[PDB]
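Written out below as structure tokens is the structure these notes cover.
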Amino acid sequence: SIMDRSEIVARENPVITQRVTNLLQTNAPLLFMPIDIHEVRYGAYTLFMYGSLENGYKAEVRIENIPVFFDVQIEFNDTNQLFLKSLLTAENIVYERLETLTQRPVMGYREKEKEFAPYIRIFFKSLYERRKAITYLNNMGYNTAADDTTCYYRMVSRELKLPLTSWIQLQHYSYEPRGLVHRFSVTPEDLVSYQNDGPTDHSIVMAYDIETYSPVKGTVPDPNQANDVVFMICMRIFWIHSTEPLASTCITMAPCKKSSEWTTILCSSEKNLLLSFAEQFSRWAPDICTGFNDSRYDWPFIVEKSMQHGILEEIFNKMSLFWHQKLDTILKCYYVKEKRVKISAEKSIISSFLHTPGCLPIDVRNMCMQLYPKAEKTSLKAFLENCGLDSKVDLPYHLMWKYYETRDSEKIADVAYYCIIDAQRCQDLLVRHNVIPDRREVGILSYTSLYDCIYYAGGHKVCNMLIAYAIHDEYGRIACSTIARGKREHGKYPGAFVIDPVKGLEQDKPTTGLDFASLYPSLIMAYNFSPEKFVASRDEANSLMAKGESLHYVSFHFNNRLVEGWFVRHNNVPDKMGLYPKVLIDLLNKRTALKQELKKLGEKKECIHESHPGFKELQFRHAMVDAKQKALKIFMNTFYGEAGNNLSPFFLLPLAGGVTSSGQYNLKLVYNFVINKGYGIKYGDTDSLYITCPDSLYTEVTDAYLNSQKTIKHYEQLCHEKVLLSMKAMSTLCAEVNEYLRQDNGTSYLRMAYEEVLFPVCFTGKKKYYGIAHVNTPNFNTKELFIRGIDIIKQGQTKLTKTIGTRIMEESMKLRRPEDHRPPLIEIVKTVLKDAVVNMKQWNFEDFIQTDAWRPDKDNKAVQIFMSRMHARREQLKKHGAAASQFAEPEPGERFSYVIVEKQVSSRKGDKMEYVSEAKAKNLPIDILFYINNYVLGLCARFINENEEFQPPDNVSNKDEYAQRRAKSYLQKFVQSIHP
DNA sequence: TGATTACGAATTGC
DNA sequence: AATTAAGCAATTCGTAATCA
Ligand SMILES: Cc1cn([C@H]2C[C@H](O)[C@@H](COP(=O)(O)OP(=O)(O)OP(=O)(O)O)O2)c(=O)[nH]c1=O
Ligand SMILES: [Mg+2]
């Protein structure tokens, strides 16, 4: 009415607008960039793409004549063709035509003279008949290729070499201008991808938020009940790579003062507000729609209110660019309820939204959680202050209630300001973390749409990339399937190897750790762990060796059974390399380049002091590059992870077994080689290996120091020299080890890498060590203390244990001279524990709060009694009549904080748990002895495990557990003795 | 009534 | 007329059942 998309994009980019108008009039090739994808199942299959032109115009491009087909193996016999077509038509399925071709299977190894196998491809119209035919043929027991039953645009993208998340060049099109949209009709032989670097791109993203009200005190509004009401919606538009806005709108009910920044629309009813929201959405036509926590509170609220008022059809049809749809179809198809999104290996979240064609909905909270999966606080303030942005953009709810009760224009203006800022913060986060281009690159690399890049995990991306590389091979075309097959067994196969540490504190010999770089991918490259190079029979392996090939033998144990196999090597020939090695080789170069850039950035940063204003930006850029290379690393490891997954089409147990066995063999070989040279090895884990230097290297500096006055500065100089010679010797040792490995295997893929020097160091057990880190130059007056799994870095831990652990750890590394007093670890632990238990007046009501997750599906024992107790208390409170919202159950999958108090006359956790607010209201003094005896004793016993008096005789097998029990008992007796 | 054990759940390190 | 989801090794706590 006042300002639409076309006028804005013409005002912003006039020259590009004039250019695009000229090309449209002349009917010249254009550029297009997609965001959203939609397709039709019944009837003729046409693919819909919604996106942007160069200047900013919104366009929709429909592709017709996309072939629909799928492949089966069988044979070329005409009798087979007739039999298959008779079977297919016997179940009321209509097909178009049949074709024959030749392809190489993916499973098994064949010689050159019998490599190619026949295939029959069946064509179809509409996806429904194709899916039914695939299911029927697979159930009948026929091998099939292609085989993508869930989504079909992935197959189109991987077959036509047309990324759905990049620029596309339009040639020889049909054009029709309809209102604000530009209908484009194309044909697959048209198009093609844009190889060069495209322009800056111009897409529109709208961030929105809402504010609601309820008449009953202290309750979150619920759409199901009457009254309540949603009473403000504010929205703002932006480019895809910019923070400055283009337009902003506020829709409200109560009167408010006019503001120069935004436009205000005044309604007089709840229906009017939703209608105006839909109208403004239709006029702007966002390409992306965003809001914070909108998938759990906002969208269901609007949808439920609309159904209550019965205006869902109008809103959906005005927002959507697709054709008319009825209410039942909207409810069944375009309204998603309870969708599962994966965050970590043991976490998931539930999302629900409304999907209008022509716009993609994105939740900022999901992206932030996926970026930082180990964060206890998951609110806007926490994520906003983590990245370095300005926090404190929130408003109390009671103040909002009072302001709505008063019905004053200034208060409504203030709440409008706050919700506008809330809308802005989402775009701030999205631009700061650079989210959309990263997912864009992932989709380009994996041949997948952006919706999948936002709402899905990485296994299917791996499968799609493997199939895409297989079908485009230089020496043929390889057929791959997506449907899993074979019997599913329960169990685990052996893997990894950990070396028993020489426990204790080392303050005289520097220790250096060397590890393999990309161990498992390198093993795959070196030994050809590929499905097409696998031999299962012994006779075949014997014959292949007789002819003159080279094979790798694998054997291990699984479920009281021997698993045995062979693989074929490539002896440094490009023609003989497998498919997994090709993909991993292509992926490794990107990580190498990013690592070089990271090293250059670190070198540049090392020359800048902390006081310079530019230090924070350099730190941020360094962190982002590190995150990118870690993201590549996890994607690379997902290949091995999926190779052993029981639900994937690429399941092959011998591959994973051989990978793990070869890792163990290489680690043991390097261990023996280093031992037989005079060095001492203190630790090992999977690939990392920690070594110490001989005693003859430091003779000169030792003799020089022994003839001096023996002051502290002299010992500091001696330590500096020790570390320098340690690095100098370790470089040569690494070079010799790499040469030995290269001679052993015959290939340069496997290689060891230098990390750092740890001096002084302490090993408290398996997977538990700490020390001071030296990278390139010695430096001792630092506070960083490495730390790897010392139980003070976990999630559900109180501040008390962290403080005690830090106090103990930072005291054992103070660089004491040999001639001075060198105190053991036991006295440090005892002194810290005694100063903790005694003098308890140093702890406040902040060191005892601990957080835990509430998962109803999981059983647990302690939380499920606390929940029942709170439910009974709530029922008792509601009986007489009182407020009971203080004891509301947390949302499933979320974490809650709690404290432990004293219960009079029990003796169980869960009968003493209380909420933080309830405890603060009613004092409820804390039991400190419970915290001590249940949490500090284990850590303190782990520190002093190494001592001799706790050791078992030679008969006991598991010495570590026995020693831990004895240390815990000894410390328990000590703590009972010091203060009853 | 005490000591000991077994199994699920939680969380880190590769 | 409906559907996701990489692997294993190692330690620590918490409650109920069985054993002297
Ligand atoms: C981190 C990680 C490792 N692993 C396994 C496979 C790896 O080969 C093995 C050891 O990996 P690391 O030695 O931790 O790392 P890397 O060798 O892959 O790379 P870099 O040295 O540059 O850090 O751990 C997984 O299976 N999944 C994972 O998520
Ligand atoms: Mg490594």
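Quick note on naming: the chains in the structure tokens go A, B, ... in the order shown, residues restart at 1 in each chain, and ligands are numbered from 1 in order of appearance.
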
At most 10 Å is the cut-off: for each residue in chain C with any atom that close to an atom of ligand 1, write down the nearest atom pair and the distance in Å rounded to one decimal, counting only C-alpha atoms (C1' of nucleotides) and all ligand atoms, chain first then increasing number, as a Markdown table.
| residue | atom | partner | partner_atom_place_in_ligand_line | distance |
| --- | --- | --- | --- | --- |
| C:6 | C1' | ligand 1 | 27 (N) | 8.0 |
| C:7 | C1' | ligand 1 | 26 (O) | 5.6 |
| C:8 | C1' | ligand 1 | 26 (O) | 8.1 |

Open item on the list: At a cut-off of 10 Å around ligand 2, and using only C-alpha atoms (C1' of nucleotides) and all ligand atoms, what residues come up? Please write them as a PyMOL selection string.
Closed with: (chain A and resi 514-520+685-689+751-755) or (chain B and resi 14)

Open item on the list: When you look at region 930-947 of chain A with a cut-off of 6 Å (counting only C-alpha atoms (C1' of nucleotides)), what residues show up, excluding the ones that are within fewer than 3 positions of it in the same chain? I need them as number ranges by chain.
Closed with: A: 764, 826, 927, 967-968

- [ ] Any chance you could list, as an MDAnalysis selection string, the residues in region 89-209 of chain A that come up strand (DSSP E) when DSSP is run on the backbone?
- [x] chainID A and resid 98:105 117:123 168:170 174:178 181:186 205:209

- [ ] Step one, run DSSP on the backbone; step two, keep only residues of region 59-210 of chain A assigned to alpha helix (DSSP H); then write them as a PyMOL selection string.
- [x] chain A and resi 78-90+127-140+153-160

Open item on the list: Give me, as a PyMOL selection string, the residues of chain A touching chain B, with the criterion being at most 10 Å (counting only C-alpha atoms (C1' of nucleotides)).
Closed with: chain A and resi 346+496-498+685-688+767-768+788-791+793-796+852-853+858-861

Determine, using only C-alpha atoms (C1' of nucleotides), which residues of chain C have any atom at most 9 Å from an atom of chain A, and tabulate each with its shortest atom pair and distance in Å to one decimal place, rows ordered by chain and then rising number, as CSV.
residue,atom,partner,partner_atom,distance
C:2,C1',A:333,CA,8.8
C:3,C1',A:150,CA,8.4
C:4,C1',A:340,CA,7.6
C:5,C1',A:457,CA,8.4
C:6,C1',A:641,CA,3.8
C:7,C1',A:641,CA,4.9
C:8,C1',A:495,CA,6.0
C:9,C1',A:496,CA,7.0
C:10,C1',A:767,CA,7.8
C:11,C1',A:766,CA,8.8
C:12,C1',A:938,CA,8.3
C:13,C1',A:934,CA,8.6
C:14,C1',A:861,CA,7.3
C:15,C1',A:861,CA,7.0

TODO: Determine, counting only C-alpha atoms (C1' of nucleotides), which protein, DNA and RNA residues have an atom within 8 Å of an atom of region 566-583 of chain A; residues of the same chain fewer than 2 positions away are not included. Present the result as a ChimeraX atom specification.
DONE: /A:466,469-470,521,524-525,527-530,532-536,541,549-554,564,585-587,747

Task: Distance criterion (only C-alpha atoms): nearest to residue 107 (chain A) out of A:58, A:192, A:354, A:480 - done: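 Using only C-alpha atoms, the shortest distance to residue 107 (chain A) belongs to A:480.
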
- [ ] Find the distance between CA of residue 365 (chain A) and CA of residue 276 (chain A) and write it in Å to one decimal.
- [x]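 Separation between CA of residue 365 (chain A) and CA of residue 276 (chain A): 27.0 Å.
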
Open item on the list: Please determine, counting only C-alpha atoms, which residue among A:913, A:205, A:315, A:905 has the shortest atom-to-atom distance to residue 279 (chain A).
Closed with: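 For residue 279 (chain A), the nearest of the candidates is A:315.
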
TODO: In Å, rounded to a single decimal, give me how far CA of residue 584 (chain A) is from CA of residue 195 (chain A).
DONE: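 Taking CA of residue 195 (chain A) and CA of residue 584 (chain A), their separation equals 23.2 Å.
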
Task: Top pick for closest residue to residue 251 (chain A), considering A:206, A:412, A:882, A:336 and counting only C-alpha atoms - done: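 Smallest distance to residue 251 (chain A) is found for A:412.
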